[PDB]
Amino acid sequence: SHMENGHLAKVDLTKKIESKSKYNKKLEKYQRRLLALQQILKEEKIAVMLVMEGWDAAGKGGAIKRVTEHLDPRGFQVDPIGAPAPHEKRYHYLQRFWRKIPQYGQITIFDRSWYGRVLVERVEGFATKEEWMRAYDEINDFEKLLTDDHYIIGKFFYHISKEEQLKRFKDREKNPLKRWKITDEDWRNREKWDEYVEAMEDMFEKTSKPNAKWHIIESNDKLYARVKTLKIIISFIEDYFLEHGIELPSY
C-alpha cells in the first residue's frame, strides 16, 4: 500500500535510551543550553512557536514538560488545544490561533494545533471535504507569514505503535491520578487509527516545509522522545541565530 512506504511505517520505533541516569545527564545538558538561548531570544526580538501533534498517550504532554521544566515561565506560554468552544465557532477557524501567537522574544507551545483541521476535523467530518482539502495551503501560508517575519516554527509528531498505545491506555486507567487523560473519546480515536494514518501521511507530504519542518519523533520510549525534542529545538534555534548574525552563548 502507500501506508507500507509511508513516513510512519518507515520510522524505527526501537530507538531508546537504556540508562535512566544517562538520560538525566543529557536532559540537564540540553535544558541548560535551551535556557541560555531563551535569554538571547528575549533580547533579540525573535518568537518561537512549537507545535506538538501525535497519537493520544504518545508523550506530547511529557515532552512539553521537559522542554519547559527549567525555562522562565514569563517567557513562554503553553496552549492546550481541544475542540473549538462555542464562542470560537463564531469566527473563522484560524482566529483562535492568531490570538495565541507569541509576541517577539516569547515562546508559545501548542499541545495540539491548527493541524486538527486536517486530522480530527477531517476524520470525524467536522470539516467538509472542501474545507480540509484547501486547509493544507492555508496552514502553509499561515506558517510562512510568521517565518517570513521574525517567527521560528518547529513542529513535532510523536509516533508510537498501536500496541504501545494500548499499554499506556491501560496504565492511565489503573492509576487514579491519570484516570482523567483517558476517555471514551480516546478509545473512539484509536478505533479510527488507520484513517488517522492516511490523514497524517497527507499532512507530512503537504505541510513539511523548509521554514517549518515536521519532525517525526520515535516515542515508544518517553526518554528518547524527550531528549530528541530538546536536541532538535536547540539545533533549529542555533541555526536561526547563525543565519541572522546573532551570537550564540557557549557553542
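The first residue of the sequence shown is number 1, and the count goes up from there.
Mean CA temperature factor is higher for 39-47 when stretches 222-230 and 39-47 are set side by side in the entry. Higher mean CA temperature factor, per the PDB entry, when comparing 85-93 with 157-165: 85-93.
Which of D194, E201, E53, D56 has the largest Cα B-factor in the deposited entry comes down to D194. Set against one another, the Cα B-factors of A127, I109, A135, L146 in the record reach their highest point at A127. Ranked by Cα temperature factor within the chain, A212 sits in the lowest third according to the deposited record. When the modelled residues of the chain are ordered by C-alpha B-factor, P102 sits in the lowest third. For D72, the recorded CA B-factor ranks within the highest third of the chain. Only modelled residues enter the ranking. Placement of the Cα temperature factor of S235 within the chain: lowest third of the modelled residues, per the deposited record. When the modelled residues of the chain are ordered by their C-alpha B factor, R117 lands in the lowest third.
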